[PDB]
Structure formats: structure tokens, C-alpha cells
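Q: Structure below; questions to follow.
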Amino acid sequence: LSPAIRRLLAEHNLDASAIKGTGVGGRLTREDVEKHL
């Protein structure tokens with residue numbers, strides 16, 4: 001992740017609730033929201 005990942009959701013205004021975080025344990029990574037962008 002990066003220090004800009006947090007502001008990345010507040011920049012494009014997107015609900016992570018609609019995105020699936022298949023991270024290592026059900027976490028939200030960047031390869032998940034990106035596909036949505």
C-alpha cells in the first residue's frame with residue numbers, strides 16, 4: 001500500500017463496501033480498487 005491509498009478513496013469518492021478485498025485475510029489492497037477505477 002502507499003500513503004496515498006487512503007486519500008485515493010476520498011479523491012474519487014468510492015464505497016469500498018462494494019469492492020471485494022481478497023487481501024491476505026479479507027483485507028482491501030490496491031489491486032482490488034484499481035480494477036474498479
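Ordering of the C-alpha cells sets the chain letters (A, B, ...); residue numbers start at 1 within each chain; ligands are numbered from 1 in the order shown.
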Could you write out, as a VMD selection string, all the residues of chain A that DSSP marks as alpha helix (DSSP H)?
A: chain A and resid 5 to 11 30 to 36
Q: So how far away is CA of residue 34 in chain A from CA of residue 21 in chain A, in Å?
A: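 Interatomic distance here is 11.4 Å.
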Q: What's the 8 Å shell around range 16-19 of chain A, counting only C-alpha atoms, without same-chain residues fewer than 6 positions away, as an mmCIF file with C-alpha atoms, in the first residue's frame?
A:
data_model
loop_
_atom_site.group_PDB
_atom_site.id
_atom_site.type_symbol
_atom_site.label_atom_id
_atom_site.label_comp_id
_atom_site.auth_asym_id
_atom_site.auth_seq_id
_atom_site.Cartn_x
_atom_site.Cartn_y
_atom_site.Cartn_z
ATOM 1 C CA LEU A 9 -10.797 6.569 -1.840
ATOM 2 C CA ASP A 32 -8.780 -4.533 -5.892
ATOM 3 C CA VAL A 33 -9.940 -0.907 -6.075
ATOM 4 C CA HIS A 36 -12.796 -0.709 -10.318
#
Q: I'd like the neighbourhood of residue 6 in chain A as a list in words, where a residue qualifies if any of its atoms comes within 12 Å (using only C-alpha atoms), though same-chain residues fewer than 5 positions away should be ignored.
A: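 The filter keeps residues 1, 11, 12, 13, 14, 16, 28, 29, 30 and 33 of chain A.
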